[PDB]
There are 2 protein chains.
Amino acid sequence: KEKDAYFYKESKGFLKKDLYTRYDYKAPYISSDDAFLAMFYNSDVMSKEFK
Amino acid sequence: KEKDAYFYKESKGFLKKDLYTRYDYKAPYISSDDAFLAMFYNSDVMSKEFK
């Protein structure tokens with residue numbers, strides 16, 4: 001999947017500390033558990049074919 | 001492991017945006033790859049005992 005993704009470092013701007021201007025990313029999202037549940041726990045097509 | 005850690009949202013400061021004050025965390029770090037390599041590939045005590 002692809003989801004929210006916030007990346008932000010060092011505004012390099014005005015002279016008081018802890019500045020950090022934000023930028024927006026499109027980030028690779030991969031569930032690793034919901035995916036497995038969808039594959040075998042939710043839908044049983046894969047499982048039955050393999051059996 | 002435990003390593004650096006950065007949590008930072010919305011300074012709630014100036015009426016102009018891109019504020020984003022940083023806070024520091026002590027965060028649970030877990031390698032999962034270096035860990036396995038250390039367990040079985042670096043040191044072979046575990047492996048030999050199991051064999």
# chains A, B, ... in the order shown; residues from 1 in each chain; ligands from 1
$ select_by_dssp --residues "chain B" --states "alpha helix (DSSP H)" --output "JSON, numbers by chain"
{"B": [34, 35, 36, 45, 46, 47, 48, 49, 50]}
$ write_last_selection --atoms "C-alpha atoms" --output "mmCIF file, in the first residue's frame"
data_model
loop_
_atom_site.group_PDB
_atom_site.id
_atom_site.type_symbol
_atom_site.label_atom_id
_atom_site.label_comp_id
_atom_site.auth_asym_id
_atom_site.auth_seq_id
_atom_site.Cartn_x
_atom_site.Cartn_y
_atom_site.Cartn_z
ATOM 1 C CA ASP B 34 21.422 -8.148 12.972
ATOM 2 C CA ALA B 35 19.705 -9.989 15.829
ATOM 3 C CA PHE B 36 19.324 -13.245 13.893
ATOM 4 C CA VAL B 45 26.805 -21.795 20.484
ATOM 5 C CA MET B 46 23.017 -21.915 20.080
ATOM 6 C CA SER B 47 23.320 -23.816 16.795
ATOM 7 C CA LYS B 48 25.734 -26.433 18.146
ATOM 8 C CA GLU B 49 23.655 -27.002 21.293
ATOM 9 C CA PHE B 50 20.509 -27.516 19.209
#
$ calpha_fit_rmsd --fixed "chain A" --moving "chain B"
0.5 Å
$ closest_residue --among "B:39, B:21, B:26, B:32" --to "residue 9 of chain B" --atoms "only C-alpha atoms"
B:21
$ interface_residues --of "chain B" --to "chain A" --cutoff "9 Å" --atoms "only C-alpha atoms" --output "PyMOL selection string"
chain B and resi 17-23
$ select_by_dssp --residues "chain B" --states "strand (DSSP E or B)" --output "MDAnalysis selection string"
chainID B and resid 2:3 6:8 22:24 27:28
